[PDB]
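These are the residues of each chain, in order.
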Amino acid sequence: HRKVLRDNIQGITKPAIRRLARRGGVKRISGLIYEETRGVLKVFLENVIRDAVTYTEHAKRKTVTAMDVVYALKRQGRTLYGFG
Amino acid sequence: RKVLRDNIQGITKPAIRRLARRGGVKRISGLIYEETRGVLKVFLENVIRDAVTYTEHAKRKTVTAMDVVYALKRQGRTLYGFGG
Amino acid sequence: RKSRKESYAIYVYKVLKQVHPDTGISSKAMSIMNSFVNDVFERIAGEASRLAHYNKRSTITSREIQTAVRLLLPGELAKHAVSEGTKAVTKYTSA
Amino acid sequence: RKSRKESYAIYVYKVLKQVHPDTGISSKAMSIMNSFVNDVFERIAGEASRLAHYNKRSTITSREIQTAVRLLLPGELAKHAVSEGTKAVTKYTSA
Amino acid sequence: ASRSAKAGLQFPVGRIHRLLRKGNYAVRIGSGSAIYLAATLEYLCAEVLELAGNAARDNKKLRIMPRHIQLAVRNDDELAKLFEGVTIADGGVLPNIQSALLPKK
Amino acid sequence: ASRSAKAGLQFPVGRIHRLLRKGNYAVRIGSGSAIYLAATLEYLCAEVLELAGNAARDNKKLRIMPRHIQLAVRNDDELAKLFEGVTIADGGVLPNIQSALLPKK
Amino acid sequence: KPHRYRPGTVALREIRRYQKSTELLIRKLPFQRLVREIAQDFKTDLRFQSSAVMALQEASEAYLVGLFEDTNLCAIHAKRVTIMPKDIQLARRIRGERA
Amino acid sequence: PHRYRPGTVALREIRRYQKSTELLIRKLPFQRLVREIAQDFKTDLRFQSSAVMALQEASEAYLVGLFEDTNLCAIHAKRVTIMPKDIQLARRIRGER
Amino acid sequence: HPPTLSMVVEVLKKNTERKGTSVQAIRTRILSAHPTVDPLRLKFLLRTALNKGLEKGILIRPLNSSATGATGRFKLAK
DNA sequence: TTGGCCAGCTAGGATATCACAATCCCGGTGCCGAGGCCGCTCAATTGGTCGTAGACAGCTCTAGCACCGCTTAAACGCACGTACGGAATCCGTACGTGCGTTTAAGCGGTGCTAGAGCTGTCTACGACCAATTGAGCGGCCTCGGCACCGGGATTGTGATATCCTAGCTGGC
DNA sequence: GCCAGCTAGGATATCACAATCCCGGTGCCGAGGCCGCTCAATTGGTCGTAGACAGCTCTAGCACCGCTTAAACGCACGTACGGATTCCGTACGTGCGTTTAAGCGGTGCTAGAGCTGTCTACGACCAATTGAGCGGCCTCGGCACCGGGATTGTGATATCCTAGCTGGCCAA
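Each chain carries its own residue count, running from 1 in the order of its written sequence; this scheme can depart from the entry numbering, and residues that have no coordinates do not appear. By the order in which they are written, chains take letters starting at A while ligands take numbers starting at 1. Values shown for side chains rest on all heavy atoms present in the structure; no hydrogens or waters enter the calculation.

Caption draft 1: Broad picture of the overall build of chain I. Secondary structure elements follow DSSP: runs of H or I of four or more residues count as helices, runs of E of two or more count as strands, with numbering from the N terminus. From N to C terminus, chain I includes three helices and three strands. The globule rule is 2.2 Å times the number of residues to the power 0.38, and the radius of gyration it is compared with is taken over C-alpha atoms. In terms of overall size, chain I behaves like a compact globule, its C-alpha atoms giving a radius of gyration of 11 Å where 78 residues would be expected to give roughly 12 Å. Taking the principal axes of its C-alpha atoms as reference, chain I extends roughly 30 × 25 × 20 Å. Each residue is assigned to one of three classes by its accessible area relative to the maximum for its type, calculated with a 1.4 Å probe on protein chains only: buried under 20%, partly exposed between the two thresholds, exposed over 50%. Out of the 78 residues belonging to chain I, those deemed buried represent 28%. The contact rule is simple, with two residues in contact once any of their heavy atoms fall within 4.5 Å. Put simply, 50% of the contacts in chain I that link residues at least 6 apart link residues at least 24 apart. With an accessible surface of roughly 5200 Å², chain I has 56% of that area assigned to carbon and sulfur atoms. Considering chain I, the positive charge centre built from 15 side chains and the negative charge centre built from 4 side chains are found 5 Å apart. Under the convention used here, a 1.4 Å probe and the Shrake-Rupley method define accessible areas, while residue burial counts only the protein chains that appear. Only four residue types enter the tally: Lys and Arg on the positive side, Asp and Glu on the negative side; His and the chain ends are excluded. Where a charge lies is defined by one atom per residue type, namely NZ (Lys), CZ (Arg), CG (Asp) and CD (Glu).

Have a look at this one:
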């Protein structure tokens, strides 16, 4: 019994992207934005986890530690602080 | 030797023509070029500084091209074709 | 339990005395400071190491260090920091 | 005159035979190729070296190398190149 | 005695020194280099901590809140222009509003 | 005999190996690592050279012109998307025209 | 007559509201399950540290906002108070994000 | 007499300069510039010939790369001229001051 | 379709706006009025038609801006 | 007589026409960068040592995962509505296009210097080995700033009422 | 057929309020503070080795001169695109009102990550040899520049076609 999930990219809801953009100082937004943003987000994720998982398996690990993630981020010049 | 001045106009008006052309822009406003003279003038500042620091570290006072390429590559501006 | 996270925490926390003897801290912020300093460390290290290899030395010393610092740090940081290092090294050699 | 610029020139120039036995070259382009390969070199080196230090090894070996390559190289490069290295290592161990 | 005392400093010069030896950067390490780097780190911690607290008593807390580090790095060019690709956990964003966003008058 | 022959390869595996020892990267170097990296470099040279020549006989020269390397790296994502911060001496720029720049009809 | 705010009022209002606060914005569960699918393709049956997904969300939110304000500048240069996709890929391409 | 329409010429040299790879500025002014801007950091410096070659090449590359970005910005702006505002906008987006 | 001034007075009759009908409103009601208008000359033809309806006196001006007689709102003379 | 039907003018727009020069494609040449060749050599190539870093086997426990019941509250759907974006128009100018005059940088060519890379020499200092000890780390206890909650002050927003004043319809 | 009152709208001054800020108290927990272990620190003697110094030459940096044309500079000029205006349409905010599913707290399972101990496959060290790779010289065959014709593509024009204009003809 292994959990295989499907099409949760919609899981980011309308108010979710709303509130995020609201952080970005935008008041007025098109309805045509959401779909590409979730696509946008998607690609960025497929960028990161990609090396991250390779990082993890590089250690013969099959649990990802945060360190894998942070090194990943580091590699694209996306330095994150606080976790390692 | 002599102290020289104000060759910034030495980037001549038609030179910014040529640059625009390789940039594939069609028509230009007048106020660009001094602004252009602005941006160029800052950029060299950021690199030559580094370059000279490179030089004087090796107790040099003649600038090698290698100095330049190291300075550039630190700025994420990798250039090929000059030495190593 | 038999492991050691050998941070810099006591050090930076002891720092925040002499400037602000009254202020507290969050643990998260504390971690951010640790990550910070380890960063600035290994970037300085990478700079200097690249430098000496250029200079076909085998030794890392304070002189190439001071250049590398004067390299990465922008602005008036580059001046005060080098001054502090100069004086610190100065009093150290004084035994 | 008593110095040696110990490039890779003969190597890459010998390469351009088996694919294009007929083509020439410019010296500038040749230099660019040299600079190129020395680049891709030391970036791979930096990657792997960082890796093993994470992995608290002291040894650099083809396995961490192949990960690092599979790291930097994007796309189908990552597959063909690793395949070539596998086969190359394979025949080498065959003595 | 400790060189740090003999340096009057807060970071462990010998500790950074072993960092250098197991930093795998050079085969050979000059002594004063570690002192010099330690002093650098002294200073760097100095601005960051002091100005975080600077912000801190501004909304009048007694203890540092990563909000305050985030803001602290935001207001200074010499810091942020040092810290571009730097993303801070629970940092948030500086208060910025664009002018044309405002009501006309 | 040469390992390169024993590897059937073009780059000097022992030479890269000494590069590693004086590369100051690790204290310890596995043997096959150098072979593996050499094969990588083999391949990399393969695409770059072949496709530069690919362009080369296209405007029908007999010898490689840095124009042609520049173009060669331009047309492939897998290369340029590998080579962003890469600037090429006498490379020039790929022929790109924007549509709206054209005369209307 | 029920009271009404004219449009953009609430806009600017919780522009302040969110531009001062600091908490996480996306619901964590949808986020993490999204992560689980997007990871599944590259390797099956992958175990995630609690801190790891939180790091992912932090960085992702930072990226998204950082793109948003730039899109805001793009739109304002268009003398427009609305964002449209074209702004988005404009900023994305200028940053140099080949996709 | 014979006369060309505006921009047709412009397009001609667009193609012309997008074909070749030579150096688009005039040297002596450029090395002059290099010299004084060096003066401010140390007195009586000296340069190799190839050093200024790298300088010009990087410089022209940077300028053309930012120019095309400005052009794209204008294209966005329902626009065929480049204005300074476009310059600062692109510069801000790439994030340098 | 008849000539322009006829459509102009027609749409004047059909539009009971207190300030008459803007040259914008004039033009859009004309284009929404007839299909065979040959859209390549409506702006010029309508502008000249407005000029002639003003000089003749057919058109009267509730509100406009000076030197923009072709940019304003008109009414029929009664 | 005169307004409607008609018919030919009329002007303008669309359209095909022709005229030129820009580039392209072709030759032709000397020019030079690539290439072949030879001579020198130093890193590569072998073999043996010896050490040790990693590989494996063998545990344990921690953290991750999965299941389960509340508790909203955030989201979704929906009604309503307006202010923004597209569009379209119109006016002003400034920059591309050409011309005619100037000059200053490439170039090439030469005399000139100092400073860079080379050799050769002396040495201070750091890697190394072993001994010693206390500062650092974790573990435990604790308590004082804070987030929450709740309970007043303020105000920016949206509504409102006044006023004025300018164009229409009733009266004289 | 001409003047006052009506009336509408628009600008301005005024009120209400509900969303936000500020306060005091509560409790809560994360930050702080003490105690016990030790290993990763200092400390001392060594060698040898990279590095400081010192001197040379000769290579490249540099000043300078004459010349040229090619590129730059200043000027008319107009047209085509920018910018300001309006406006109409609606895709948007925004404010109900419901529902779920996200959070949350808890439990049970486990496995997989990690630490312990073992052996050993292999990698640096080192001396010795060589042939492979550096560089220096020459030759030559590809190519940059020169000059001339051909094609396309562009800009202007004359024509064709058309719709509207304006006057002539006919019935009311």
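Caption draft 2: Looking closely at the layout of surface pockets. For each structure, a 1 Å grid was placed over the protein atoms alone; sets of points admitting a 1.4 Å probe that cannot get out are labelled cavities, open sets with protein on both sides within 12 Å along at least five of seven lines are labelled pockets, and lining residues have an atom within 4 Å of a point. Grid points are joined across faces, edges and corners, and a volume is the space filled by probe spheres set on the points. Of the voids in this model, the second largest pocket is the one considered here, and its volume is about 340 Å³. Broken down by secondary-structure element, the contributors of at least two residues to the lining of the second largest pocket are α1 (14-23) of chain A together with α1 (9-20) of chain G. The element that contributes the greatest number of residues to the lining of the second largest pocket is α1 of chain G, accounting for four residues. Charged means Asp, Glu, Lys or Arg here, nonpolar means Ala, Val, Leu, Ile, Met, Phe, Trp, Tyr, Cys or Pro, and polar covers whatever is left, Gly included. A breakdown of the residues in the lining of the second largest pocket according to their chemical character gives nine nonpolar, two polar and five charged.

Caption draft 3: Spotlight on the pairing of strand β3 (residues 72-76) of chain I. Residues and elements named next belong to chain I. DSSP calls a pair of strands paired once it identifies at least 2 bridges connecting them. Pairing of strand β1 (residues 21-22) with β3, which is carried by two bridges, proceeds in the antiparallel orientation. Within β3, the position partnered with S22 by the bridge is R73. Note that strand β2 (residues 59-64) and β3 share four bridges and pair antiparallel. Considered in β3, the bridge of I60 is made with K75.

Caption draft 4: The protein's contact with DNA strand J, seen in detail. Surrounding DNA strand J, one finds 84 residues, the nearest of these being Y11 of chain C, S27 and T59 of chain D, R3 of chain F together with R6 of chain G. The contact atoms of DNA strand J, taken as those within 4 Å of the protein, divide so that sugar and phosphate hold 97%. Distance and chemistry together define a polar contact, namely a pair of N or O atoms within 3.5 Å, with one atom able to donate a hydrogen and the other to accept it when in protein, and with adjacent residues in sequence counting only for side-chain atoms on both sides. Separating a phosphate oxygen of DNA strand J from a side-chain N or O atom of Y13 of chain D is a distance of 2.6 Å. At 2.6 Å from a phosphate oxygen of DNA strand J is found a side-chain nitrogen or oxygen belonging to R32 of chain H. Proximity criterion: a residue is near a molecule or strand once any of its heavy atoms comes within 4 Å of it.

Caption draft 5: Fine view of the protein's contact with DNA strand K. In the region of DNA strand K, 79 residues are neighbours, and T59 of chain C, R28 and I29 of chain F, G8 of chain G together with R79 of chain H sit closest. A distance of 3.2 Å is found between a phosphate oxygen of DNA strand K and a backbone nitrogen or oxygen belonging to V10 of chain G. Counted by class, the surface near DNA strand K contains 18 nonpolar, 23 polar and 38 charged residues.

Caption draft 6: A look at the arrangement of the chains. What separates chain A from chain H at the closest point of their C-alpha atoms is a distance of 14 Å, and the two make no contact. What separates chain C from chain I at the closest point of their C-alpha atoms is a distance of 57 Å, and the two make no contact.

Caption draft 7: Broad picture of helix α1 (residues 4-14) of chain I. Residue and element names in this part refer to chain I. Along α1, the residues classified as buried are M7, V8, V11 and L12. The arc that holds every buried residue of α1, seen down its axis, measures 140°, which confines them to one face. Facing away from the buried surface of α1 by more than 90 degrees, the exposed residues are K13 and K14. Taken together, the buried residues of α1 touch β1, α2 (23-31), α3 (42-55), β2 and β3. The directions from the helix axis to the C-beta atoms are what the arc is built from.

Caption draft 8: Expanded view of the nonpolar core. In this text, buried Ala, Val, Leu, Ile, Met, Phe, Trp, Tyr and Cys residues form a nonpolar core when linked through side-chain atoms within 4.5 Å. Ranked by internal contacts, the top residues of the largest apolar core, which has 54 residues, are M33 of chain D together with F11 and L49 of chain F. At 12 residues, the largest contribution of residues to this core is made by helix α2 (residues 27-54) of chain D. Residues contacting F11 of chain F, with those up to four places away along its chain left out, are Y11, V15 and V37 of chain D together with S4, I16, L41, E42 and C45 of chain F. Among the nonpolar cores identified, the runner-up in size contains 52 residues, and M30, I60 and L77 of chain C together with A72 of chain E belong to it.

Caption draft 9: Inspection of the interface of chain E and chain C at higher detail. Facing the 47 residues of chain E at the interface are 54 residues of chain C. The rule for a salt bridge is simple: a side-chain nitrogen of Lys or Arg has to be within 4 Å of a carboxyl oxygen of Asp or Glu. Taken together, the links from chain E to chain C amount to zero salt bridges. Run the count over chain E and chain C and you get 12 residue pairs in polar contact. With 17 residues, the top contributor of residues to the side of chain E that touches chain C is helix α3 (residues 31-56) of chain E. Sheet topology note: the strand β1 (residues 59-60) of chain C/strand β1 (residues 28-29) of chain E ladder contains two bridges and is parallel. Across the sheet, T59 of chain C pairs through a bridge with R28 of chain E, a residue of β1 of chain E.

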